[PDB]
>>> print(open('final.cif').read())   # mmCIF, C-alpha atoms
data_start
loop_
_atom_site.label_atom_id
_atom_site.label_comp_id
_atom_site.auth_asym_id
_atom_site.auth_seq_id
_atom_site.Cartn_x
_atom_site.Cartn_y
_atom_site.Cartn_z
CA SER A 1 18.77 -7.87 8.01
CA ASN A 2 20.36 -7.18 4.63
CA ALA A 3 20.27 -3.41 4.15
CA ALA A 4 20.99 -3.33 0.43
CA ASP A 5 19.11 -6.13 -1.39
CA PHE A 6 15.47 -5.35 -2.24
CA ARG A 7 12.89 -5.91 -4.97
CA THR A 8 9.76 -3.81 -5.50
CA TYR A 9 6.49 -5.21 -6.85
CA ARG A 10 3.69 -3.18 -8.43
CA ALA A 11 0.42 -4.03 -10.14
CA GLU A 12 0.18 -3.54 -13.91
CA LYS A 13 -0.17 0.03 -15.17
CA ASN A 14 -3.45 -0.79 -16.91
CA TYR A 15 -4.89 -1.24 -13.41
CA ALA A 16 -4.04 2.24 -12.06
CA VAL A 17 -6.63 4.49 -10.40
CA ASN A 18 -7.22 8.24 -10.63
CA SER A 19 -10.33 8.52 -8.43
CA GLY A 20 -12.28 6.74 -5.71
CA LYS A 21 -11.20 5.12 -2.44
CA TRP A 22 -9.45 1.74 -2.53
CA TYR A 23 -8.42 -1.05 -0.18
CA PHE A 24 -6.22 -4.15 -0.30
CA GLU A 25 -4.64 -6.42 2.29
CA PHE A 26 -1.01 -7.41 2.74
CA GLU A 27 -0.19 -10.49 4.81
CA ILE A 28 3.19 -10.77 6.54
CA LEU A 29 4.84 -14.12 5.85
CA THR A 30 8.46 -13.50 6.92
CA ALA A 31 10.11 -11.52 9.71
CA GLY A 32 12.54 -9.44 7.66
CA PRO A 33 12.34 -5.98 6.10
CA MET A 34 9.24 -5.20 4.02
CA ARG A 35 7.18 -2.13 3.04
CA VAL A 36 3.67 -1.77 1.61
CA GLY A 37 1.67 1.11 0.21
CA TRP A 38 0.73 2.83 -3.06
CA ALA A 39 2.81 3.99 -6.00
CA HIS A 40 2.45 6.06 -9.11
CA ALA A 41 2.52 3.44 -11.86
CA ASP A 42 5.24 5.36 -13.73
CA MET A 43 7.43 5.60 -10.63
CA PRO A 44 11.08 5.19 -11.74
CA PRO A 45 11.93 1.51 -12.28
CA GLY A 46 13.66 -0.15 -9.34
CA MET A 47 12.73 2.52 -6.81
CA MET A 48 11.88 1.24 -3.35
CA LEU A 49 8.59 2.33 -1.81
CA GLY A 50 8.69 5.71 -0.15
CA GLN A 51 12.15 6.39 -1.58
CA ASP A 52 10.97 9.33 -3.74
CA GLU A 53 7.90 11.54 -4.16
CA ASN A 54 6.08 8.91 -6.24
CA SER A 55 5.18 6.34 -3.58
CA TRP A 56 4.16 6.11 0.07
CA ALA A 57 4.95 3.25 2.39
CA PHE A 58 4.40 1.74 5.81
CA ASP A 59 7.58 -0.08 6.93
CA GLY A 60 6.14 -2.44 9.51
CA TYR A 61 9.58 -3.96 10.11
CA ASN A 62 11.23 -0.69 11.18
CA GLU A 63 7.91 0.73 12.44
CA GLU A 64 8.16 3.75 10.13
CA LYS A 65 6.24 5.56 7.43
CA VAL A 66 8.38 6.54 4.43
CA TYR A 67 7.92 9.21 1.78
CA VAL A 68 10.41 11.22 -0.28
CA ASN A 69 13.19 9.10 1.22
CA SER A 70 12.58 10.27 4.80
CA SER A 71 11.38 7.93 7.53
CA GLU A 72 9.14 8.78 10.46
CA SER A 73 8.27 6.72 13.50
CA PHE A 74 4.78 5.39 12.93
CA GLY A 75 2.46 2.51 13.70
CA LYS A 76 3.34 -0.78 15.36
CA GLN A 77 5.87 -3.42 14.41
CA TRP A 78 4.08 -6.18 12.58
CA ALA A 79 4.63 -9.90 13.04
CA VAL A 80 4.40 -13.06 10.93
CA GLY A 81 0.73 -13.72 10.25
CA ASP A 82 -0.44 -10.13 10.69
CA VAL A 83 -2.70 -8.62 8.01
CA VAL A 84 -2.11 -4.99 7.03
CA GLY A 85 -5.06 -3.12 5.54
CA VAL A 86 -3.85 -0.59 2.97
CA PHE A 87 -6.08 2.43 2.20
CA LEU A 88 -5.96 4.98 -0.64
CA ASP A 89 -8.43 7.90 -0.69
CA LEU A 90 -8.11 9.88 -3.91
CA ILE A 91 -11.13 11.94 -2.88
CA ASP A 92 -9.45 13.56 0.15
CA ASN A 93 -5.97 12.49 -1.10
CA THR A 94 -4.88 10.50 1.93
CA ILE A 95 -3.33 7.16 2.76
CA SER A 96 -4.09 5.07 5.84
CA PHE A 97 -3.05 1.71 7.25
CA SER A 98 -4.64 -0.83 9.55
CA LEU A 99 -3.08 -3.73 11.42
CA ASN A 100 -5.32 -6.74 12.07
CA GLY A 101 -8.43 -4.66 11.56
CA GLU A 102 -7.33 -1.75 13.74
CA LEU A 103 -6.29 1.53 12.16
CA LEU A 104 -2.72 2.51 12.96
CA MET A 105 -2.66 5.98 14.54
CA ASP A 106 -0.36 8.77 13.36
CA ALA A 107 0.57 11.40 15.94
CA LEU A 108 -0.82 14.21 13.77
CA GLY A 109 -3.10 12.49 11.24
CA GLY A 110 -4.68 10.15 13.78
CA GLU A 111 -6.50 7.63 11.58
CA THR A 112 -4.86 9.14 8.47
CA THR A 113 -1.21 8.29 7.77
CA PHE A 114 -0.35 10.60 4.82
CA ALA A 115 -2.13 13.62 3.34
CA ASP A 116 -1.55 15.59 0.14
CA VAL A 117 -1.28 12.26 -1.74
CA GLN A 118 -1.69 13.42 -5.36
CA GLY A 119 -1.46 11.66 -8.70
CA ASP A 120 -2.98 10.17 -11.85
CA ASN A 121 -2.10 6.50 -11.85
CA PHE A 122 -1.88 4.79 -8.44
CA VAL A 123 -1.30 1.05 -8.07
CA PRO A 124 -0.82 -1.14 -4.98
CA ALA A 125 2.84 -1.87 -4.39
CA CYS A 126 5.30 -3.35 -1.94
CA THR A 127 9.06 -3.69 -1.40
CA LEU A 128 10.58 -6.92 -0.02
CA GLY A 129 14.06 -7.52 1.31
CA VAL A 130 15.86 -10.58 0.02
CA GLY A 131 14.26 -13.73 1.39
CA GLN A 132 11.09 -11.87 2.40
CA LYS A 133 7.57 -12.92 1.48
CA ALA A 134 4.06 -11.49 1.63
CA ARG A 135 0.58 -12.17 0.26
CA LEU A 136 -1.53 -9.41 -1.37
CA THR A 137 -5.32 -9.81 -1.36
CA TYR A 138 -7.47 -7.64 -3.62
CA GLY A 139 -10.91 -9.02 -2.92
CA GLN A 140 -11.69 -11.04 -6.05
CA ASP A 141 -12.86 -13.60 -3.51
CA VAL A 142 -14.82 -11.18 -1.31
CA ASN A 143 -14.61 -13.78 1.48
CA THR A 144 -10.78 -13.73 1.40
CA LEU A 145 -10.49 -10.13 2.61
CA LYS A 146 -10.17 -10.52 6.36
CA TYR A 147 -10.71 -7.04 7.87
CA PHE A 148 -12.41 -5.04 5.10
CA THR A 149 -15.95 -5.45 6.47
CA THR A 150 -15.23 -4.10 9.97
CA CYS A 151 -12.34 -1.77 9.01
CA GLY A 152 -12.86 -0.10 5.65
CA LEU A 153 -16.21 -0.90 4.08
CA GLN A 154 -17.87 1.45 6.58
CA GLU A 155 -15.76 4.41 5.45
CA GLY A 156 -16.67 3.86 1.80
CA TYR A 157 -13.50 2.17 0.58
CA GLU A 158 -13.74 -0.45 -2.21
CA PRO A 159 -11.64 -3.59 -2.76
CA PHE A 160 -8.99 -2.95 -5.38
CA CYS A 161 -9.88 -6.05 -7.43
CA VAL A 162 -12.56 -4.12 -9.36
CA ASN A 163 -9.77 -2.27 -11.20
CA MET A 164 -8.34 -5.22 -13.14
CA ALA A 165 -9.88 -6.02 -16.48
CA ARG A 166 -10.32 -4.56 -19.96
CA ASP A 167 -7.93 -2.99 -22.45
CA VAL A 168 -7.64 -1.25 -25.77
CA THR A 169 -4.22 -1.97 -27.20
CA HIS A 170 -2.80 0.39 -29.83
CA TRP A 171 0.56 -0.12 -31.56
CA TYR A 172 1.52 3.51 -32.19
#
>>> encode(input="final.cif", output="structure tokens")
Amino acid sequence: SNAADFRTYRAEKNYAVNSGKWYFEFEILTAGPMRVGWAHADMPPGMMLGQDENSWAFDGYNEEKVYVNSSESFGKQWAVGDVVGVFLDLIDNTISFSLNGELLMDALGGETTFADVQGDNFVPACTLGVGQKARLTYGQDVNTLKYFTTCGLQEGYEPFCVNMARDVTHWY
């Protein structure tokens, strides 16, 4: 796969979270390199997920978790049609990941993938290699989330959709 060409996608900054526990799904549509996770909304423009201290990623293509530009063997390789569940817990400050409704296990964290996840302004985010494609589901159609009920709702996570609407704009 191309090892140089990537684009990173993040939800609008007005939609960032600073509390609670949040969930979204990420459907694999191509077989090339992709990463999904959570980012500080003010992460430096153009940064890939996990490349610095401002975002955390599961690289289901390489089977690695990525943070501060260091990769670690983690999880299972995903496949076209898989659905990744993406967890953010700003109460305990952890990140987790499921694959088709089953939590991916970290050798140390077990059901938790990253700890000490701190920040003010988290948004869902992904990084796609050239030609790669994925579908992000936030729950606006509660029936469109596939694995939230059996893998997430029980642990008190909430669909991320609730965090998009409403704005004071101020030209200062």
>>> closest_residue(input="final.cif", among="A:63, A:25, A:111, A:120", to="residue 145 of chain A", atoms="only C-alpha atoms")
A:25
>>> closest_residue(input="final.cif", among="A:11, A:16, A:126, A:86", to="residue 51 of chain A", atoms="all atoms listed in the file")
A:126
>>> atom_distance(input="final.cif", atom1="atom CA of residue 50 of chain A", atom2="atom CA of residue 3 of chain A")
15.4 Å
>>> resolve_selection(input="final.cif", expression="the PyMOL selection byres ((chain A and resi 4) around 9)", output="PyMOL selection string")
chain A and resi 2-3+5-6+129-130
>>> resolve_selection(input="final.cif", expression="the PyMOL selection byres ((chain A and resi 73) around 7)", output="number ranges by chain")
A: 63-65, 71-72, 74
>>> resolve_selection(input="final.cif", expression="the PyMOL selection byres ((chain A and resi 36) around 6)", output="PyMOL selection string")
chain A and resi 35+37+57-58+126
>>> residues_around(input="final.cif", residues="residue 78 of chain A", least_positions_apart="5", cutoff="12 Å", atoms="all atoms listed in the file", output="list in words")
residues 26, 27, 28, 29, 30, 31, 32, 33, 34, 35, 36, 58, 59, 60, 61, 62, 63, 64, 83, 84, 85, 97, 98, 99, 100 and 104 of chain A
>>> closest_residue(input="final.cif", among="A:20, A:103, A:12, A:38", to="residue 159 of chain A", atoms="all atoms listed in the file")
A:20
>>> closest_residue(input="final.cif", among="A:123, A:142, A:108, A:117", to="residue 158 of chain A", atoms="only C-alpha atoms")
A:142
>>> closest_residue(input="final.cif", among="A:8, A:1, A:96, A:14", to="residue 167 of chain A", atoms="only C-alpha atoms")
A:14
>>> atom_distance(input="final.cif", atom1="atom CA of residue 89 of chain A", atom2="atom CA of residue 152 of chain A")
11.1 Å
>>> residues_around(input="final.cif", residues="segment 39-46 of chain A", least_positions_apart="5", cutoff="6 Å", atoms="all atoms listed in the file", output="CSV table (one decimal) with C-alpha atoms, keeping the file's coordinate frame")
chain,number,residue,atom,x,y,z
A,13,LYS,CA,-0.2,0.0,-15.2
A,54,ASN,CA,6.1,8.9,-6.2
A,55,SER,CA,5.2,6.3,-3.6
A,121,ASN,CA,-2.1,6.5,-11.8
A,122,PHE,CA,-1.9,4.8,-8.4
A,123,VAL,CA,-1.3,1.0,-8.1
>>> atom_distance(input="final.cif", atom1="atom CA of residue 49 of chain A", atom2="atom CA of residue 127 of chain A")
6.1 Å
>>> closest_residue(input="final.cif", among="A:139, A:124, A:131, A:119", to="residue 91 of chain A", atoms="only C-alpha atoms")
A:119
>>> residues_around(input="final.cif", residues="residue 157 of chain A", least_positions_apart="5", cutoff="10 Å", atoms="only C-alpha atoms", output="short mmCIF file (atom, residue, chain, number, x, y, z; two decimals) with C-alpha atoms, in the frame of the given file")
data_model
loop_
_atom_site.label_atom_id
_atom_site.label_comp_id
_atom_site.auth_asym_id
_atom_site.auth_seq_id
_atom_site.Cartn_x
_atom_site.Cartn_y
_atom_site.Cartn_z
CA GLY A 20 -12.28 6.74 -5.71
CA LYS A 21 -11.20 5.12 -2.44
CA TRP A 22 -9.45 1.74 -2.53
CA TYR A 23 -8.42 -1.05 -0.18
CA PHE A 24 -6.22 -4.15 -0.30
CA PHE A 87 -6.08 2.43 2.20
CA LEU A 88 -5.96 4.98 -0.64
CA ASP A 89 -8.43 7.90 -0.69
CA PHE A 148 -12.41 -5.04 5.10
CA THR A 149 -15.95 -5.45 6.47
CA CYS A 151 -12.34 -1.77 9.01
CA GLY A 152 -12.86 -0.10 5.65
#
>>> build_atoms(input="final.cif", residues="segment 136-159 of chain A", atoms="N, CA and C atoms", output="PDB file, in the coordinates of the input")
ATOM      1  N   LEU A 136      -0.636 -10.532  -1.072  1.00  0.00           N
ATOM      2  CA  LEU A 136      -1.530  -9.410  -1.370  1.00  0.00           C
ATOM      3  C   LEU A 136      -2.907  -9.926  -1.782  1.00  0.00           C
ATOM      4  N   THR A 137      -3.943  -9.404  -1.135  1.00  0.00           N
ATOM      5  CA  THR A 137      -5.320  -9.810  -1.360  1.00  0.00           C
ATOM      6  C   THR A 137      -6.155  -8.623  -1.819  1.00  0.00           C
ATOM      7  N   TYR A 138      -6.777  -8.752  -2.988  1.00  0.00           N
ATOM      8  CA  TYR A 138      -7.470  -7.640  -3.620  1.00  0.00           C
ATOM      9  C   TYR A 138      -8.980  -7.754  -3.567  1.00  0.00           C
ATOM     10  N   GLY A 139      -9.499  -8.874  -3.098  1.00  0.00           N
ATOM     11  CA  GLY A 139     -10.910  -9.020  -2.920  1.00  0.00           C
ATOM     12  C   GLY A 139     -11.660  -9.761  -4.003  1.00  0.00           C
ATOM     13  N   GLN A 140     -10.968 -10.306  -5.010  1.00  0.00           N
ATOM     14  CA  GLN A 140     -11.690 -11.040  -6.050  1.00  0.00           C
ATOM     15  C   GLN A 140     -12.542 -12.132  -5.429  1.00  0.00           C
ATOM     16  N   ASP A 141     -12.036 -12.778  -4.383  1.00  0.00           N
ATOM     17  CA  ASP A 141     -12.860 -13.600  -3.510  1.00  0.00           C
ATOM     18  C   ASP A 141     -13.201 -12.722  -2.312  1.00  0.00           C
ATOM     19  N   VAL A 142     -14.380 -12.096  -2.366  1.00  0.00           N
ATOM     20  CA  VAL A 142     -14.820 -11.180  -1.310  1.00  0.00           C
ATOM     21  C   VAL A 142     -14.626 -11.790   0.072  1.00  0.00           C
ATOM     22  N   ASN A 143     -14.765 -13.113   0.191  1.00  0.00           N
ATOM     23  CA  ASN A 143     -14.610 -13.780   1.480  1.00  0.00           C
ATOM     24  C   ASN A 143     -13.154 -13.916   1.917  1.00  0.00           C
ATOM     25  N   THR A 144     -12.189 -13.613   1.047  1.00  0.00           N
ATOM     26  CA  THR A 144     -10.780 -13.730   1.400  1.00  0.00           C
ATOM     27  C   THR A 144     -10.215 -12.466   2.042  1.00  0.00           C
ATOM     28  N   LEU A 145     -10.848 -11.312   1.836  1.00  0.00           N
ATOM     29  CA  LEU A 145     -10.490 -10.130   2.610  1.00  0.00           C
ATOM     30  C   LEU A 145     -10.870 -10.356   4.072  1.00  0.00           C
ATOM     31  N   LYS A 146      -9.920 -10.159   4.970  1.00  0.00           N
ATOM     32  CA  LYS A 146     -10.170 -10.520   6.360  1.00  0.00           C
ATOM     33  C   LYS A 146     -10.795  -9.394   7.164  1.00  0.00           C
ATOM     34  N   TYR A 147     -10.310  -8.155   7.008  1.00  0.00           N
ATOM     35  CA  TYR A 147     -10.710  -7.040   7.870  1.00  0.00           C
ATOM     36  C   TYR A 147     -11.431  -5.918   7.141  1.00  0.00           C
ATOM     37  N   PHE A 148     -11.763  -6.102   5.866  1.00  0.00           N
ATOM     38  CA  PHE A 148     -12.410  -5.040   5.100  1.00  0.00           C
ATOM     39  C   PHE A 148     -13.777  -4.686   5.671  1.00  0.00           C
ATOM     40  N   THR A 149     -14.568  -5.695   6.056  1.00  0.00           N
ATOM     41  CA  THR A 149     -15.950  -5.450   6.470  1.00  0.00           C
ATOM     42  C   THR A 149     -16.011  -4.536   7.685  1.00  0.00           C
ATOM     43  N   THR A 150     -15.226  -4.857   8.720  1.00  0.00           N
ATOM     44  CA  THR A 150     -15.230  -4.100   9.970  1.00  0.00           C
ATOM     45  C   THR A 150     -14.260  -2.931   9.971  1.00  0.00           C
ATOM     46  N   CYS A 151     -13.313  -2.872   9.027  1.00  0.00           N
ATOM     47  CA  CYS A 151     -12.340  -1.770   9.010  1.00  0.00           C
ATOM     48  C   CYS A 151     -12.074  -1.344   7.560  1.00  0.00           C
ATOM     49  N   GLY A 152     -13.019  -0.598   7.000  1.00  0.00           N
ATOM     50  CA  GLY A 152     -12.860  -0.100   5.650  1.00  0.00           C
ATOM     51  C   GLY A 152     -14.164   0.082   4.902  1.00  0.00           C
ATOM     52  N   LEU A 153     -14.959  -0.984   4.823  1.00  0.00           N
ATOM     53  CA  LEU A 153     -16.210  -0.900   4.080  1.00  0.00           C
ATOM     54  C   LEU A 153     -17.095   0.207   4.611  1.00  0.00           C
ATOM     55  N   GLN A 154     -17.080   0.412   5.928  1.00  0.00           N
ATOM     56  CA  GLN A 154     -17.870   1.450   6.580  1.00  0.00           C
ATOM     57  C   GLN A 154     -17.475   2.846   6.134  1.00  0.00           C
ATOM     58  N   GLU A 155     -16.194   3.078   5.851  1.00  0.00           N
ATOM     59  CA  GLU A 155     -15.760   4.410   5.450  1.00  0.00           C
ATOM     60  C   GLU A 155     -15.834   4.609   3.947  1.00  0.00           C
ATOM     61  N   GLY A 156     -16.472   3.692   3.227  1.00  0.00           N
ATOM     62  CA  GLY A 156     -16.670   3.860   1.800  1.00  0.00           C
ATOM     63  C   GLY A 156     -15.526   3.415   0.909  1.00  0.00           C
ATOM     64  N   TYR A 157     -14.541   2.698   1.434  1.00  0.00           N
ATOM     65  CA  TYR A 157     -13.500   2.170   0.580  1.00  0.00           C
ATOM     66  C   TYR A 157     -14.028   0.957  -0.195  1.00  0.00           C
ATOM     67  N   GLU A 158     -13.388   0.668  -1.332  1.00  0.00           N
ATOM     68  CA  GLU A 158     -13.740  -0.450  -2.210  1.00  0.00           C
ATOM     69  C   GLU A 158     -12.541  -1.365  -2.454  1.00  0.00           C
ATOM     70  N   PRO A 159     -12.760  -2.680  -2.483  1.00  0.00           N
ATOM     71  CA  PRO A 159     -11.640  -3.590  -2.760  1.00  0.00           C
ATOM     72  C   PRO A 159     -11.003  -3.261  -4.096  1.00  0.00           C
TER      73      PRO A 159
END
